[PDB]
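# An overview of the molecular structure
One-letter residues, chain by chain:
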Amino acid sequence: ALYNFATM
Amino acid sequence: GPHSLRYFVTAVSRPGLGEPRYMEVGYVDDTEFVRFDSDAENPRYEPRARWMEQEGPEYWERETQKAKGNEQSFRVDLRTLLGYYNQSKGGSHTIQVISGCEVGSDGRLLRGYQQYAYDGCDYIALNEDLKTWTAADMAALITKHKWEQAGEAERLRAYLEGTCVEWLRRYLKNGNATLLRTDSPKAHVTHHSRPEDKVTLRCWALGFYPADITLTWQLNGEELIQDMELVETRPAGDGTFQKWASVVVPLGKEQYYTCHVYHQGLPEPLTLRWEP
Amino acid sequence: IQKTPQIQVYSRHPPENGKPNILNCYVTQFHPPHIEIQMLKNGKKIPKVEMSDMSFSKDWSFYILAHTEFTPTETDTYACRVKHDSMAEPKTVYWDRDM
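Criteria and cut-off values
- Residues numbered from 1 in each chain as written, not as in the entry; some residues may be left out.
- Chains lettered and ligands numbered in written order.
- Heavy atoms only, no water.
- Disulfide = S-S within 2.5 Å.
- Helix = DSSP H or I, 4+ residues; strand = E, 2+ residues; numbered from the N terminus.
- Core = buried A, V, L, I, M, F, W, Y, C linked by side-chain atoms within 4.5 Å.
- Buried < 20%, exposed > 50% of the residue type's maximum accessible area, 1.4 Å probe, protein only.
- Domains from an automatic or database assignment.
- Contact = heavy atoms within 4.5 Å.
- 1 Å grid on protein atoms, 1.4 Å probe; cavity = no way out; pocket = protein on both sides within 12 Å on 5 of 7 lines; lining within 4 Å.
- Points joined across faces, edges and corners; volume = space filled by probe spheres on them.
- Nonpolar A, V, L, I, M, F, W, Y, C, P; charged D, E, K, R; others polar.
- Salt bridge = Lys/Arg side-chain N within 4 Å of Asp/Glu carboxyl O.
- Buried area = accessible area lost by both parts, 1.4 Å probe.
- UniProt positions renumbered as here; feature names shortened; annotations may be inferred.
- Polar contact = N/O pair within 3.5 Å; in protein donor to acceptor, adjacent residues only side chain to side chain.

- Determination of this PDB entry was carried out by X-ray crystallography to a resolution of 1.99 Å, according to the record.

Set out below in structure tokens:
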């Protein structure tokens, strides 16, 4: 259900 | 009507005190249903609503692994942003994200979103089109440029159209007895003296779900929006909500003011008054 | 950016002595996120307090609920005490049964 976030 | 899946995620550095605190808190419509906290004694994804007992051990293991990866991502991000803003290592900083989707009553995507802040200010956000970004500042412009070259928006859009809506549908199905319920407000009015022959009338609305509600006070059929004090609608510890709104009125004329309560579980809105 | 917490103390049900209930301390509109929130019975920390409903508003300010099961009694006093960087001294809000 949550996203795998990208680095900024 | 419509429903939402929303994750509130926070990463907070604490130089001198070890690794950042990282948290994910998930909601389906105003109800907390999952959480990860890096500060827990044994950090894992945990159910926060009873109906999440319907997910097998595989869910908790996979979402735990995703949370831990996310945690490491945000650790890196915090150091990255220190450089973007030319800030020292000695200060605490905060990254925040709200991420998720909304569907209509037919289960179909209405809206997706993903919005980041640094130190309490807008940083970058996905635009409503799910194809481009807005950057609040020049640091965020660097991030935008990276995400554009890596195709991050298309990755995100596939999550929002796919995984996010599919899992939200499943949560609504499994949690239907909780999530699709209506609990009707119960109201009452309290009374407090003031100096100057005036009086505070407070209208309470208790035990309601969902959170959306309206409370007004009227005199002679006109709403007194201007002169009311209120609190934001607030959770009461058991999956319901409460709210109050008050008005200051002349002593002896309390009987002319009426509180009105509008809510999904009130087929006809409530009208009440102070009762001595 | 710094926002002072708004602290709100309230029960789930109108209080009746001897009847189980839930006491709540909602701490809102704060930044930065580091905070200490203690619920108190007669000046003493209440041990099993659940923290829940962490969220952020549109302006990114933090919200969080502290809550606990409790059975009010006539003599018992309850409060919520909050320590945050926006205030030099901890701030206490008392439960007002008649609010």
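## Let's talk about the state of the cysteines
Residue and element names in this part refer to chain B.
- For the structure on display, the rule yields three disulfides over all chains.
- Here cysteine 101 pairs with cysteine 164 through a disulfide, and the sulfurs are 2.1 Å apart. Taking the torsion about the S-S bond as the criterion, the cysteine 101 to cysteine 164 disulfide, at about -100 degrees, is left-handed. Of this pair, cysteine 101 sits in strand 5 (residues 94-103) while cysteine 164 sits in helix 3 (residues 152-174); the two residues are 63 residues apart in sequence, bridging distant segments of the chain.

## Examining unusual backbone geometry
- Residue B:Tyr209 is joined to B:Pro210 through a cis peptide bond whose omega torsion reads 0 degrees.
- Examined against the element boundaries, B:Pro210 turns out to sit in the loop between strand 10 (198-208) and strand 11 (214-219).
- Omega for the peptide link from C:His31 to C:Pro32 comes to 5 degrees, which places this bond in the cis form.
- Secondary-structure assignment places C:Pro32 in the loop between strand 2 (21-30) and strand 3 (36-41).
- Unlike most non-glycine residues, C:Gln29 shows phi in positive territory, near 60 degrees.

## Examining the nonpolar core
- If you look at the biggest cluster of nonpolar residues, it comprises 73 residues, and the most contacted ones within it are B:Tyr7 and B:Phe33.
- Counting contributing residues per domain, this core is built from domain 1 (1-181) and domain 2 (182-274) of chain B, each supplying no fewer than three.
- What B:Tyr7 contacts, discounting residues up to four positions off in sequence, is A:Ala1, A:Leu2, B:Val25, B:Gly26, B:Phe33, B:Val34, B:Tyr45, B:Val97, B:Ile98, B:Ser99, B:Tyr159 and B:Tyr171.
- In this structure, B:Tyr113, C:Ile46, C:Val93 and C:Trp95 belong to the second largest nonpolar core, which totals 29 residues.

## Considerations on empty space enclosed by the protein
Residues and elements named next belong to chain C.
- Applying the stated criterion across every chain yields a total of one cavity of 30 Å³ or more.
- Roughly 30 Å³ of internal volume is contained in the largest cavity.
- Along its surface, the largest cavity is lined by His13, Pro14, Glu16, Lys19, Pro20 and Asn21.
- Looking at side-chain class alone, the lining of the largest cavity contains two nonpolar, two polar and two charged residues.

## A word on the layout of surface pockets
- Volume-wise, the second largest pocket comes out at about 1,500 Å³.
- For the second largest pocket, the lining is made up of 47 residues, of which B:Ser4, B:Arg6, B:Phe8, B:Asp29 and B:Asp30 are closest to its centre.
- For the lining of the second largest pocket, the secondary structure elements donating two or more residues are strand 1 (3-12), strand 5, strand 6 (109-118), strand 7 (121-126), strand 8 (133-135) and strand 14 (234-235) of chain B together with strand 5 (50-56) of chain C.
- Its residues placed into classes, the lining of the second largest pocket shows 24 nonpolar, 11 polar and 12 charged.
- For the lining of the second largest pocket, the two domains that each supply at least three residues are domain 1 (1-181) and domain 2 (182-274) of chain B.

## Side note on the arrangement of the chains
- Considering every one of the two pairs of chains in contact, the largest contact total is recorded for chains B and C.
- The two units chain A and chain C never meet; even their closest C-alpha atoms stay 16 Å apart.

## Notes on the pattern of salt bridges
Residue and element names in this part refer to chain B.
- Throughout the structure, instances matching the rule amount to 18 salt bridges over all chains.
- A salt bridge links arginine 181 to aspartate 183, with the shortest nitrogen-to-oxygen separation between them at 2.7 Å.
- Because the salt bridges share partners, they merge into one network encompassing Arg14, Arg21, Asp37 and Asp39.

## A short note on the domain arrangement of chain B
Residues and elements named next belong to chain B.
- For chain B, the domain assignment lists domain 1 (1-181) and domain 2 (182-274).
- Of note, the centres of domain 1 and domain 2, computed from C-alpha atoms alone, are 35 Å apart.
- With eight residues of domain 1 in contact, the opposing surface of domain 2 contributes nine residues.
- Interface of domain 1 and domain 2: buried area, both sides summed, is about 530 Å²; carbon and sulfur atoms make up 40% of it.
- Taken together, the connections running from domain 1 to domain 2 amount to one salt bridge.
- Its residues placed into classes, the side of domain 1 that touches domain 2 shows three nonpolar, two polar and three charged.

## Some thoughts on the UniProt feature "disulfide bond" in chain C
All names here are of chain C.
- For the UniProt disulfide linking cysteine 25 with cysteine 80, the SG atoms sit 2.0 Å apart, under 2.5 Å and consistent with a formed bond. In this pair, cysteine 25 is assigned in strand 2 and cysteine 80 in strand 7 (residues 78-83), connecting sequence segments 55 residues apart.
- For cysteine 25, a relative accessible area of 0% puts it in the buried group.
- With a relative accessible area of 0%, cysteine 80 lands in the buried category.

## Notes on the interface of chain B and chain C
- On the side of chain C, 26 residues touch chain B, which itself brings 38 residues to the contact.
- Summed over both sides, the interface of chain B with chain C buries roughly 2,600 Å², with 58% coming from carbon and sulfur.
- Summed over the shared surface of chain B and chain C, the result is one salt bridge.
- In this assembly, chain B and chain C are joined by 20 residue pairs in polar contact.
- A class-by-class count of the residues in the side of chain B that touches chain C yields 17 nonpolar, 12 polar and nine charged.

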